[PDB]
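Read through the structure below, which is laid out as structure tokens, and then see the notes.
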Amino acid sequence: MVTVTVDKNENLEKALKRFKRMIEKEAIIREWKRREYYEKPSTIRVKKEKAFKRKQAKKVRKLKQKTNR
Amino acid sequence: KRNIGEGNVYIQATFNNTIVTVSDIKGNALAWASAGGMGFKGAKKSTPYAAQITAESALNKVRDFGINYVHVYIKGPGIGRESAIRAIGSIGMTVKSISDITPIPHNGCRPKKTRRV
Amino acid sequence: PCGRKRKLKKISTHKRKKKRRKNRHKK
Amino acid sequence: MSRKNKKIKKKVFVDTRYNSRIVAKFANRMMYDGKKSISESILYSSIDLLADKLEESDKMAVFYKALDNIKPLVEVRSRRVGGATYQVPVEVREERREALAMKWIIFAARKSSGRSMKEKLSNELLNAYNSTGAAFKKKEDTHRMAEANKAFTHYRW
Amino acid sequence: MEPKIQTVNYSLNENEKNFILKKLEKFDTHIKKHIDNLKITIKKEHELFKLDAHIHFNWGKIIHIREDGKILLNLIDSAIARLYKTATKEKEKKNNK
RNA sequence: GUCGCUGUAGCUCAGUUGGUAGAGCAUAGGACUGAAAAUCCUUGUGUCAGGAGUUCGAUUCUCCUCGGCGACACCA
RNA sequence: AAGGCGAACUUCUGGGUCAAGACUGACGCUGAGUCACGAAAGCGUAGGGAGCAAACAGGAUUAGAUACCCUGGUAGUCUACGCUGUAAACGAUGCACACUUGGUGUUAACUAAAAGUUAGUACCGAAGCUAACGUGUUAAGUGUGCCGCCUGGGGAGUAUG
């Protein structure tokens, strides 16, 4: 239950910057957007397949560009 | 005419609406406000500006309950939740904590099905 | 594969199943 | 698409009665048919009539203030995102401010009911000076129509 | 609007004329309220018929269709069917929301 | 016959223990979309059913009616 | 072995891997019928039913919308037992053995650990192979054992038994 205690002299701005950062580092919003509505285990597996393939092609691409240069 | 001093502000910020409730430390509600009640309707109800207006109106409702000391609770993925907290600050009522109560299940209650089958 | 052949098989299967559904409950 | 247009002429700051560019621009907006002399005469006579309807010596002052009473601040420009058209507010630029003002006064004066040339336009000019009439009505309408739809102000691209 | 049937180097049998009309009533339930004009040009040039259909939409779209054939009835059937299908496609273009 | 009431914008509805004549819908105009829709904005729409009295002035306060009401009791 | 298997614990229980670490001494491979298992959906009996959700109802989009979208919603989804034995049940590649350059990760074990080996598991890739795509020590390379299966498309996985 992500909390950010605001000090007496601490500013609201950085206070909610800390809140935003540790929310993002708990990944609450991404989890909620993931659980909005159901997905077949098949399609979870397939999207992970494709994401990893995209990552591999992009990395090979990046290294090719680095050596091409 | 009552004095409480301490209090809580709950803010639900979903994709469709924003609801701001001002309540005791015990949780008993003092007042509330909503984007739908603030005259907006349609996609306006979820813009950050509407969230700001809704929150500040909710607090203006409770100017005279003798409170300057609130705990902020947030749930929902709405865009302008930061705007809700920012407006609570802008009104001058000081905050002592900011929290989230967004419910994260441990995998129960199979959710709705996808859109565009 | 082009997939036209798979589509042909699909429509064939649908027609056969429809025939069987029609003639179910008949006696 | 290839932006940064060539530098405008801008050299016509009318060297006839006031050495002022804004009067020249107003006369140009006034023009029909390609008749600069007619426009200049009508505008000069009309502003003189205004300055003696309000009985002040400095005509520049009253003319400029009656313009600035109509120059708007925020207007509505339509964009569309995701197959949804949104009438986002956006702050005008100063040149567009004079343009919209002069256009509004000119349209109201032309479409009004009056006897004559400078008659119509001087009458409209003092109505603007007093912050009332068709031109001021249109200006405030645009203003608070933009303000009634300020939710989408975060679309300024 | 109502459709304009023009002909070049040919003579209109009333049979084929009301054939064309009978093929064109397909528009005045769905498409008529969306178009400016619908022209149908028949030509007879190389012992064959050449048909040019043309439609203008209220939102700036222009549809044209050209075909050749040997028998007027068959050519009209194919050309009008193609025209109606393309018009439906454009209407759906715009109404997809 | 009696009781509880109402009549205010074209419709619906406020109306403040007396000094506002409006709210929502709709109508008309501008803007938006390709139209129809939905925003958004302007704009009209009144002896506030009639009369007497109370007040310094009355939609409002009282009373007497006009027309329409809901509900109750008799009905040879 | 495949289907498949993810909160925690116990009980019952199957399989694999490594080694000088002794024993048996070819006791093996594959396998027509046959038998067992076999996602999900479905069926019978008896329970359970939060959420989700065929059929179905209403509201919208549309010329129409028996759909996509929205609000609801019965079977079903769950448990016990008994049936059905079908999937793009896929690595679209049957199983087993003897061989045939490497690069970069990773799991387990041996080693205190590195470092290497062995048994897996991924990416790239030499030769070779391939109609091409690609494959390439987890071959679709070089050899064989046995089983299953194919012989133009539609009719047709139909008619009939």
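By convention here, the chains of the structure tokens are called A, B, ... in the order presented, each chain's residues are numbered starting at 1, and ligands are numbered starting at 1 in the order presented.
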Nearby residues (only C-alpha atoms (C1' of nucleotides)) at most 12 Å from residue 30 of chain F, same-chain spacing under 5 positions excluded, as a PDB file with N, CA, C and O atoms (P, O5', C5', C4', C3', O3' and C1' of nucleotides), in the first residue's frame:
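out-v2.pdb written:
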```pdb
ATOM      1  N   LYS D 138     -19.837  39.423 -30.668  1.00  0.00           N
ATOM      2  CA  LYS D 138     -19.108  38.322 -31.284  1.00  0.00           C
ATOM      3  C   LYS D 138     -17.816  38.035 -30.536  1.00  0.00           C
ATOM      4  O   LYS D 138     -17.452  36.871 -30.333  1.00  0.00           O
ATOM      5  N   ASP D 141     -18.608  36.307 -27.336  1.00  0.00           N
ATOM      6  CA  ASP D 141     -19.093  34.975 -27.661  1.00  0.00           C
ATOM      7  C   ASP D 141     -17.931  34.031 -27.922  1.00  0.00           C
ATOM      8  O   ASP D 141     -17.885  32.925 -27.379  1.00  0.00           O
ATOM      9  N   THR D 142     -16.974  34.455 -28.746  1.00  0.00           N
ATOM     10  CA  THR D 142     -15.808  33.614 -28.990  1.00  0.00           C
ATOM     11  C   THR D 142     -15.035  33.367 -27.706  1.00  0.00           C
ATOM     12  O   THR D 142     -14.640  32.230 -27.417  1.00  0.00           O
ATOM     13  N   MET D 145     -17.122  31.045 -25.391  1.00  0.00           N
ATOM     14  CA  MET D 145     -17.215  29.717 -25.988  1.00  0.00           C
ATOM     15  C   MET D 145     -15.913  28.947 -25.826  1.00  0.00           C
ATOM     16  O   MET D 145     -15.918  27.744 -25.500  1.00  0.00           O
TER      17      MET D 145
ATOM     18  P     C F  40     -23.015  20.508 -23.658  1.00  0.00           P
ATOM     19  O5'   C F  40     -22.200  21.572 -24.514  1.00  0.00           O
ATOM     20  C5'   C F  40     -20.808  21.760 -24.314  1.00  0.00           C
ATOM     21  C4'   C F  40     -20.311  22.976 -25.053  1.00  0.00           C
ATOM     22  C3'   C F  40     -21.209  24.198 -24.990  1.00  0.00           C
ATOM     23  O3'   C F  40     -21.071  24.929 -23.784  1.00  0.00           O
ATOM     24  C1'   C F  40     -20.533  23.841 -27.221  1.00  0.00           C
ATOM     25  P     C F  41     -22.359  25.614 -23.110  1.00  0.00           P
ATOM     26  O5'   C F  41     -22.590  26.925 -23.983  1.00  0.00           O
ATOM     27  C5'   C F  41     -21.564  27.896 -24.118  1.00  0.00           C
ATOM     28  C4'   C F  41     -21.826  28.829 -25.272  1.00  0.00           C
ATOM     29  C3'   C F  41     -23.186  29.505 -25.293  1.00  0.00           C
ATOM     30  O3'   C F  41     -23.269  30.614 -24.416  1.00  0.00           O
ATOM     31  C1'   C F  41     -22.689  28.673 -27.445  1.00  0.00           C
ATOM     32  P     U F  42     -24.606  30.868 -23.560  1.00  0.00           P
ATOM     33  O5'   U F  42     -25.503  31.783 -24.506  1.00  0.00           O
ATOM     34  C5'   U F  42     -25.113  33.115 -24.806  1.00  0.00           C
ATOM     35  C4'   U F  42     -25.507  33.511 -26.208  1.00  0.00           C
ATOM     36  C3'   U F  42     -26.965  33.887 -26.407  1.00  0.00           C
ATOM     37  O3'   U F  42     -27.239  35.222 -26.020  1.00  0.00           O
ATOM     38  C1'   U F  42     -26.289  32.405 -28.120  1.00  0.00           C
ATOM     39  P     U F  43     -28.365  35.531 -24.918  1.00  0.00           P
ATOM     40  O5'   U F  43     -29.729  35.444 -25.733  1.00  0.00           O
ATOM     41  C5'   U F  43     -29.930  36.227 -26.899  1.00  0.00           C
ATOM     42  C4'   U F  43     -31.006  35.640 -27.775  1.00  0.00           C
ATOM     43  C3'   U F  43     -32.311  35.289 -27.076  1.00  0.00           C
ATOM     44  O3'   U F  43     -33.157  36.409 -26.888  1.00  0.00           O
ATOM     45  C1'   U F  43     -31.642  33.480 -28.437  1.00  0.00           C
TER      46        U F  43
END
```
query = Skipping near chain neighbours, those fewer than 4 positions away, what residues fall within 12 Å of residue 83 of chain G using only C-alpha atoms (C1' of nucleotides), listed as a ChimeraX atom specification?
reply = /G:42-45
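Residues in contact with residue 38 of chain E at 12 Å, where only C-alpha atoms (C1' of nucleotides) are counted and same-chain residues fewer than 3 positions away are skipped, are listed as residues 1, 2, 3, 4, 5, 6, 24, 27, 28, 31, 32, 34, 35, 41, 52, 53, 54, 55, 56, 57, 62, 63, 64, 65, 80, 83, 84 and 87 of chain E.
The list of residues with at least one atom within 6 Å of segment 61-75 of chain B, based on only C-alpha atoms (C1' of nucleotides) and without residues fewer than 2 positions apart in the same chain, reads residues 2, 3, 4, 5, 6, 7, 8, 9, 10, 11, 12, 58, 59, 93, 94, 95, 96, 97, 98, 99, 100, 101 and 102 of chain B.
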Write out the residues from the selection above, keeping N, CA and C atoms, as a PDB file, in the first residue's frame.
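Done, and the output landed in selection32.pdb:
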```pdb
ATOM      1  N   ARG B   2     -18.658  22.502  13.323  1.00  0.00           N
ATOM      2  CA  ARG B   2     -17.827  21.536  14.021  1.00  0.00           C
ATOM      3  C   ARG B   2     -16.371  21.720  13.624  1.00  0.00           C
ATOM      4  N   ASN B   3     -15.491  21.230  14.493  1.00  0.00           N
ATOM      5  CA  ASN B   3     -14.054  21.223  14.263  1.00  0.00           C
ATOM      6  C   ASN B   3     -13.530  19.798  14.370  1.00  0.00           C
ATOM      7  N   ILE B   4     -12.807  19.364  13.337  1.00  0.00           N
ATOM      8  CA  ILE B   4     -12.208  18.040  13.292  1.00  0.00           C
ATOM      9  C   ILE B   4     -10.689  18.105  13.216  1.00  0.00           C
ATOM     10  N   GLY B   5     -10.145  19.054  12.460  1.00  0.00           N
ATOM     11  CA  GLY B   5      -8.704  19.217  12.388  1.00  0.00           C
ATOM     12  C   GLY B   5      -8.009  18.224  11.483  1.00  0.00           C
ATOM     13  N   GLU B   6      -8.207  16.940  11.742  1.00  0.00           N
ATOM     14  CA  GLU B   6      -7.662  15.871  10.922  1.00  0.00           C
ATOM     15  C   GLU B   6      -8.720  15.390   9.937  1.00  0.00           C
ATOM     16  N   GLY B   7      -8.281  14.648   8.926  1.00  0.00           N
ATOM     17  CA  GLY B   7      -9.237  14.113   7.976  1.00  0.00           C
ATOM     18  C   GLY B   7      -8.571  13.317   6.876  1.00  0.00           C
ATOM     19  N   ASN B   8      -9.414  12.804   5.987  1.00  0.00           N
ATOM     20  CA  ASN B   8      -8.980  12.043   4.832  1.00  0.00           C
ATOM     21  C   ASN B   8      -9.712  12.539   3.599  1.00  0.00           C
ATOM     22  N   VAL B   9      -9.042  12.424   2.461  1.00  0.00           N
ATOM     23  CA  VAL B   9      -9.625  12.729   1.167  1.00  0.00           C
ATOM     24  C   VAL B   9      -9.403  11.518   0.276  1.00  0.00           C
ATOM     25  N   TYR B  10     -10.489  10.863  -0.118  1.00  0.00           N
ATOM     26  CA  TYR B  10     -10.430   9.754  -1.055  1.00  0.00           C
ATOM     27  C   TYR B  10     -10.680  10.274  -2.461  1.00  0.00           C
ATOM     28  N   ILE B  11      -9.927   9.752  -3.425  1.00  0.00           N
ATOM     29  CA  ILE B  11     -10.063  10.139  -4.823  1.00  0.00           C
ATOM     30  C   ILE B  11     -10.054   8.885  -5.681  1.00  0.00           C
ATOM     31  N   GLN B  12     -11.170   8.628  -6.352  1.00  0.00           N
ATOM     32  CA  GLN B  12     -11.265   7.581  -7.353  1.00  0.00           C
ATOM     33  C   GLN B  12     -11.190   8.234  -8.724  1.00  0.00           C
ATOM     34  N   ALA B  58     -14.787  20.041  -4.102  1.00  0.00           N
ATOM     35  CA  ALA B  58     -15.057  19.190  -2.949  1.00  0.00           C
ATOM     36  C   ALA B  58     -14.497  19.805  -1.678  1.00  0.00           C
ATOM     37  N   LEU B  59     -13.289  20.360  -1.752  1.00  0.00           N
ATOM     38  CA  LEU B  59     -12.693  20.947  -0.554  1.00  0.00           C
ATOM     39  C   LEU B  59     -13.372  22.266  -0.174  1.00  0.00           C
ATOM     40  N   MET B  93      -4.875  23.649   1.978  1.00  0.00           N
ATOM     41  CA  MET B  93      -5.024  22.640   3.017  1.00  0.00           C
ATOM     42  C   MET B  93      -3.848  21.675   2.947  1.00  0.00           C
ATOM     43  N   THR B  94      -3.084  21.591   4.029  1.00  0.00           N
ATOM     44  CA  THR B  94      -1.837  20.846   4.010  1.00  0.00           C
ATOM     45  C   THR B  94      -2.090  19.348   4.068  1.00  0.00           C
ATOM     46  N   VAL B  95      -1.233  18.602   3.382  1.00  0.00           N
ATOM     47  CA  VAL B  95      -1.313  17.150   3.327  1.00  0.00           C
ATOM     48  C   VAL B  95      -0.212  16.569   4.196  1.00  0.00           C
ATOM     49  N   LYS B  96      -0.501  15.427   4.812  1.00  0.00           N
ATOM     50  CA  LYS B  96       0.492  14.740   5.616  1.00  0.00           C
ATOM     51  C   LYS B  96       0.892  13.389   5.050  1.00  0.00           C
ATOM     52  N   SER B  97       0.124  12.841   4.112  1.00  0.00           N
ATOM     53  CA  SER B  97       0.458  11.560   3.511  1.00  0.00           C
ATOM     54  C   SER B  97      -0.314  11.406   2.213  1.00  0.00           C
ATOM     55  N   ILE B  98       0.274  10.659   1.284  1.00  0.00           N
ATOM     56  CA  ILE B  98      -0.356  10.320   0.016  1.00  0.00           C
ATOM     57  C   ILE B  98      -0.261   8.814  -0.157  1.00  0.00           C
ATOM     58  N   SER B  99      -1.393   8.171  -0.413  1.00  0.00           N
ATOM     59  CA  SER B  99      -1.458   6.720  -0.430  1.00  0.00           C
ATOM     60  C   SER B  99      -2.240   6.249  -1.646  1.00  0.00           C
ATOM     61  N   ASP B 100      -2.116   4.955  -1.949  1.00  0.00           N
ATOM     62  CA  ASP B 100      -2.935   4.324  -2.973  1.00  0.00           C
ATOM     63  C   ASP B 100      -3.613   3.082  -2.428  1.00  0.00           C
ATOM     64  N   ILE B 101      -4.870   2.916  -2.811  1.00  0.00           N
ATOM     65  CA  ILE B 101      -5.673   1.785  -2.385  1.00  0.00           C
ATOM     66  C   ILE B 101      -6.185   1.057  -3.617  1.00  0.00           C
ATOM     67  N   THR B 102      -5.443   1.145  -4.713  1.00  0.00           N
ATOM     68  CA  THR B 102      -5.849   0.471  -5.935  1.00  0.00           C
ATOM     69  C   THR B 102      -5.842  -1.030  -5.700  1.00  0.00           C
TER      70      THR B 102
END
```
inquiry  = Taking 4 positions as the minimum chain separation for residues in the same chain, which residues sit within 12 Å of residue 76 of chain G when counting only C-alpha atoms (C1' of nucleotides)? Answer as number ranges by chain.
reply    = G: 41-42, 49, 52-55
Pull C-alpha atoms (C1' of nucleotides) from the residues just selected and write them as a PDB file, in the first residue's frame.
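The new file result.pdb reads:
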```pdb
ATOM      1  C1'   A G  41     -16.321 -28.422 -25.595  1.00  0.00           C
ATOM      2  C1'   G G  42     -20.353 -32.051 -24.720  1.00  0.00           C
ATOM      3  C1'   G G  49     -22.849 -21.461  -8.112  1.00  0.00           C
ATOM      4  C1'   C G  52     -17.246 -14.648 -16.083  1.00  0.00           C
ATOM      5  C1'   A G  53     -20.565 -16.158 -19.986  1.00  0.00           C
ATOM      6  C1'   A G  54     -23.269 -19.589 -25.657  1.00  0.00           C
ATOM      7  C1'   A G  55     -28.587 -19.288 -26.160  1.00  0.00           C
TER       8        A G  55
END
```
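For the residues B:16, B:21, B:28, B:60, ranking by smallest atom-to-atom distance to residue 42 of chain B using only C-alpha atoms places B:16 first.
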request  = Can you check which residues of chain D DSSP gives as strand (DSSP E) on the backbone and send them as a PyMOL selection string?
outcome  = chain D and resi 74-81+84-91
Mind writing the picked residues with N, CA and C atoms as a tab-separated table (two decimals), in the first residue's frame?
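And here is the file that came out, selection.tsv:
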```tsv
chain	number	residue	atom	x	y	z
D	74	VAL	N	-8.21	34.27	-26.50
D	74	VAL	CA	-8.14	32.83	-26.75
D	74	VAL	C	-9.28	32.46	-27.69
D	75	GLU	N	-8.97	31.68	-28.72
D	75	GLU	CA	-9.96	31.29	-29.70
D	75	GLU	C	-10.03	29.78	-29.79
D	76	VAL	N	-10.94	29.30	-30.62
D	76	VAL	CA	-11.21	27.87	-30.76
D	76	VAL	C	-10.66	27.42	-32.10
D	77	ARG	N	-9.80	26.40	-32.07
D	77	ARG	CA	-9.30	25.76	-33.27
D	77	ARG	C	-9.65	24.28	-33.19
D	78	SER	N	-10.14	23.72	-34.28
D	78	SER	CA	-10.59	22.34	-34.26
D	78	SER	C	-9.47	21.40	-34.68
D	79	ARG	N	-9.18	20.42	-33.84
D	79	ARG	CA	-8.34	19.30	-34.21
D	79	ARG	C	-9.17	18.04	-34.08
D	80	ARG	N	-8.57	16.89	-34.37
D	80	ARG	CA	-9.28	15.65	-34.15
D	80	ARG	C	-8.29	14.54	-33.84
D	81	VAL	N	-8.59	13.77	-32.80
D	81	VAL	CA	-7.76	12.66	-32.35
D	81	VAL	C	-8.64	11.43	-32.23
D	84	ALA	N	-12.26	11.51	-33.25
D	84	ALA	CA	-13.06	12.40	-32.42
D	84	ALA	C	-12.57	13.82	-32.64
D	85	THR	N	-13.45	14.70	-33.09
D	85	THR	CA	-13.09	16.09	-33.33
D	85	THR	C	-13.31	16.91	-32.06
D	86	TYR	N	-12.27	17.63	-31.66
D	86	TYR	CA	-12.27	18.42	-30.44
D	86	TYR	C	-11.93	19.86	-30.76
D	87	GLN	N	-12.70	20.78	-30.20
D	87	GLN	CA	-12.57	22.21	-30.49
D	87	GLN	C	-11.67	22.86	-29.44
D	88	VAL	N	-10.38	22.59	-29.58
D	88	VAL	CA	-9.46	22.93	-28.49
D	88	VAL	C	-9.25	24.43	-28.45
D	89	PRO	N	-9.18	25.03	-27.26
D	89	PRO	CA	-8.80	26.44	-27.18
D	89	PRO	C	-7.32	26.61	-27.45
D	90	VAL	N	-6.98	27.77	-27.99
D	90	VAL	CA	-5.59	28.10	-28.28
D	90	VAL	C	-5.44	29.61	-28.26
D	91	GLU	N	-4.31	30.07	-27.75
D	91	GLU	CA	-4.03	31.49	-27.66
D	91	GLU	C	-3.67	32.03	-29.04
```
message = If the cut-off is 10 Å, can you tell me the residues of chain E near chain F, counting only C-alpha atoms (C1' of nucleotides)? I'd like them as a list in words.
response = residues 33, 34, 57, 58, 59, 60, 61, 91, 94 and 95 of chain E
For the residues in that selection, give me C-alpha atoms as a PDB file, in the first residue's frame.
```pdb
ATOM      1  CA  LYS E  33     -29.013  10.751 -50.023  1.00  0.00           C
ATOM      2  CA  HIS E  34     -25.224  10.835 -50.378  1.00  0.00           C
ATOM      3  CA  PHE E  57     -20.320  11.842 -53.378  1.00  0.00           C
ATOM      4  CA  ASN E  58     -21.276  14.679 -51.066  1.00  0.00           C
ATOM      5  CA  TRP E  59     -17.911  14.500 -49.279  1.00  0.00           C
ATOM      6  CA  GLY E  60     -15.696  15.019 -52.319  1.00  0.00           C
ATOM      7  CA  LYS E  61     -15.214  11.451 -53.539  1.00  0.00           C
ATOM      8  CA  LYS E  91     -20.049   4.884 -47.905  1.00  0.00           C
ATOM      9  CA  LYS E  94     -16.742   7.203 -44.318  1.00  0.00           C
ATOM     10  CA  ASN E  95     -19.241   5.731 -41.831  1.00  0.00           C
TER      11      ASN E  95
END
```
message = Distance limit 10 Å, atoms considered: only C-alpha atoms. Which chain A residues sit that close to chain B? Return them as a ChimeraX atom specification.
response = /A:1-8,10-13,15-17,19-20,23,28-33,35-40
Expected file contents, prior selection, N, CA and C atoms, as a tab-separated table (two decimals), in the first residue's frame:
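Dumped everything to part-v7.tsv:
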```
chain	number	residue	atom	x	y	z
A	1	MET	N	0.86	-1.18	0.00
A	1	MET	CA	0.00	0.00	0.00
A	1	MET	C	0.90	1.23	0.00
A	2	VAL	N	1.19	1.71	-1.21
A	2	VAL	CA	2.27	2.66	-1.43
A	2	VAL	C	1.95	3.97	-0.73
A	3	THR	N	2.86	4.42	0.13
A	3	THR	CA	2.68	5.65	0.88
A	3	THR	C	3.89	6.56	0.70
A	4	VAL	N	3.63	7.86	0.78
A	4	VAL	CA	4.69	8.86	0.81
A	4	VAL	C	4.33	9.86	1.90
A	5	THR	N	4.97	9.73	3.05
A	5	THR	CA	4.71	10.65	4.14
A	5	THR	C	5.28	12.01	3.80
A	6	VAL	N	4.45	13.04	3.89
A	6	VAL	CA	4.87	14.40	3.57
A	6	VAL	C	5.41	15.03	4.84
A	7	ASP	N	6.65	15.51	4.78
A	7	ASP	CA	7.25	16.14	5.94
A	7	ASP	C	6.61	17.50	6.19
A	8	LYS	N	6.93	18.08	7.34
A	8	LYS	CA	6.40	19.39	7.69
A	8	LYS	C	6.90	20.46	6.73
A	10	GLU	N	8.62	19.74	3.78
A	10	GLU	CA	8.82	19.20	2.45
A	10	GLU	C	7.78	19.74	1.48
A	11	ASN	N	8.19	19.92	0.23
A	11	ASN	CA	7.31	20.52	-0.77
A	11	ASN	C	6.43	19.47	-1.44
A	12	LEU	N	5.20	19.89	-1.75
A	12	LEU	CA	4.22	18.99	-2.35
A	12	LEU	C	4.70	18.42	-3.67
A	13	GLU	N	5.41	19.23	-4.45
A	13	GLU	CA	5.84	18.82	-5.78
A	13	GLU	C	6.70	17.57	-5.73
A	15	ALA	N	7.15	15.76	-3.24
A	15	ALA	CA	6.39	14.72	-2.54
A	15	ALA	C	5.67	13.81	-3.52
A	16	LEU	N	4.91	14.39	-4.45
A	16	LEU	CA	4.22	13.49	-5.37
A	16	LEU	C	5.12	13.02	-6.50
A	17	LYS	N	6.29	13.63	-6.70
A	17	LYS	CA	7.28	12.99	-7.56
A	17	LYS	C	7.78	11.69	-6.95
A	19	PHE	N	6.04	9.90	-4.87
A	19	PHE	CA	4.91	8.98	-4.97
A	19	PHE	C	4.84	8.36	-6.35
A	20	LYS	N	4.93	9.19	-7.40
A	20	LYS	CA	4.87	8.68	-8.76
A	20	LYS	C	5.98	7.68	-9.01
A	23	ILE	N	5.35	4.35	-7.05
A	23	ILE	CA	4.27	3.67	-7.76
A	23	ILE	C	4.79	2.99	-9.01
A	28	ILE	N	2.03	-0.62	-10.13
A	28	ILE	CA	0.62	-0.80	-9.79
A	28	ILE	C	-0.27	-0.50	-11.00
A	29	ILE	N	0.00	0.61	-11.68
A	29	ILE	CA	-0.86	1.02	-12.79
A	29	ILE	C	-0.79	0.02	-13.93
A	30	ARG	N	0.41	-0.47	-14.24
A	30	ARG	CA	0.53	-1.46	-15.30
A	30	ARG	C	-0.19	-2.75	-14.93
A	31	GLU	N	-0.10	-3.16	-13.67
A	31	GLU	CA	-0.83	-4.34	-13.23
A	31	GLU	C	-2.34	-4.16	-13.38
A	32	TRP	N	-2.85	-2.99	-13.01
A	32	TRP	CA	-4.28	-2.74	-13.14
A	32	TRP	C	-4.71	-2.73	-14.60
A	33	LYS	N	-3.94	-2.07	-15.46
A	33	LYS	CA	-4.26	-2.07	-16.89
A	33	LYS	C	-4.13	-3.46	-17.50
A	35	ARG	N	-5.01	-6.23	-15.68
A	35	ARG	CA	-6.14	-6.97	-15.14
A	35	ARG	C	-7.48	-6.32	-15.47
A	36	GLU	N	-7.49	-5.29	-16.30
A	36	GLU	CA	-8.75	-4.69	-16.75
A	36	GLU	C	-9.70	-5.73	-17.32
A	37	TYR	N	-9.20	-6.62	-18.17
A	37	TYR	CA	-10.07	-7.63	-18.78
A	37	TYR	C	-9.25	-8.80	-19.30
A	38	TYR	N	-9.91	-9.96	-19.37
A	38	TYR	CA	-9.26	-11.26	-19.41
A	38	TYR	C	-8.57	-11.51	-20.74
A	39	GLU	N	-7.57	-12.38	-20.70
A	39	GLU	CA	-6.77	-12.75	-21.85
A	39	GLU	C	-6.58	-14.26	-21.84
A	40	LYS	N	-6.65	-14.88	-23.00
A	40	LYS	CA	-6.38	-16.30	-23.07
A	40	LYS	C	-4.91	-16.56	-22.75
```
If we count only C-alpha atoms (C1' of nucleotides), what is near residue 83 of chain B at a cut-off of 7 Å, once residues fewer than 4 positions away on the same chain are taken out, given as an mmCIF file with N, CA, C and O atoms, in the first residue's frame?
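Writing the result to result_23.cif gives the following:
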```
data_model
loop_
_atom_site.group_PDB
_atom_site.id
_atom_site.type_symbol
_atom_site.label_atom_id
_atom_site.label_comp_id
_atom_site.auth_asym_id
_atom_site.auth_seq_id
_atom_site.Cartn_x
_atom_site.Cartn_y
_atom_site.Cartn_z
ATOM 1 N N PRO B 48 -7.805 15.862 -17.019
ATOM 2 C CA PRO B 48 -7.200 16.340 -15.768
ATOM 3 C C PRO B 48 -7.785 17.647 -15.267
ATOM 4 O O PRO B 48 -7.865 17.849 -14.051
ATOM 5 N N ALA B 51 -10.737 16.912 -13.225
ATOM 6 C CA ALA B 51 -10.318 16.372 -11.938
ATOM 7 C C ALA B 51 -9.923 17.485 -10.982
ATOM 8 O O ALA B 51 -10.308 17.474 -9.806
ATOM 9 N N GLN B 52 -9.155 18.455 -11.477
ATOM 10 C CA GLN B 52 -8.745 19.593 -10.664
ATOM 11 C C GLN B 52 -9.956 20.356 -10.140
ATOM 12 O O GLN B 52 -10.055 20.645 -8.941
ATOM 13 N N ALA B 87 -4.288 20.155 -6.911
ATOM 14 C CA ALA B 87 -5.319 21.122 -6.554
ATOM 15 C C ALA B 87 -5.591 21.115 -5.057
ATOM 16 O O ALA B 87 -5.847 22.169 -4.460
#
```
request  = as an MDAnalysis selection string, please: all residues of chain D that backbone DSSP puts in alpha helix (DSSP H).
outcome  = chainID D and resid 21:30 36:53 59:68 94:111 117:129 134:148
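Atom CA of residue 42 of chain A sits 15.9 Å away from atom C1' of residue 5 of chain G.
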query = What residues in chain G lie within 10 Å of chain B, counting only C-alpha atoms (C1' of nucleotides), written as a PyMOL selection string?
reply = chain G and resi 7+50-53+68-69
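In plain terms, chain B touches chain D through residues 44, 47, 49 and 50 of chain B, where touching means an atom at most 7 Å away, counting only C-alpha atoms.
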Write a file of the selected residues as a CSV table (one decimal), in the first residue's frame, keeping C-alpha atoms.
```csv
chain,number,residue,atom,x,y,z
B,44,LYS,CA,-14.7,15.9,-20.4
B,47,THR,CA,-9.7,15.1,-18.4
B,49,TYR,CA,-8.8,19.8,-15.7
B,50,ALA,CA,-12.1,18.3,-14.7
```
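The part of chain G that reaches within 10 Å of chain E is made up of residues 61, 62, 63 and 64 of chain G, counting only C-alpha atoms (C1' of nucleotides).
Residue neighbourhood of segment 12-23 of chain C, excluding near-sequence residues (fewer than 4 positions): residues 6, 7, 8 and 27 of chain C; 156 and 158 of chain G, at 10 Å, using only C-alpha atoms (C1' of nucleotides).
When only C-alpha atoms are used to compute distances to chain E, the closest of the residues D:19, D:83, D:109, D:52 turns out to be D:83.
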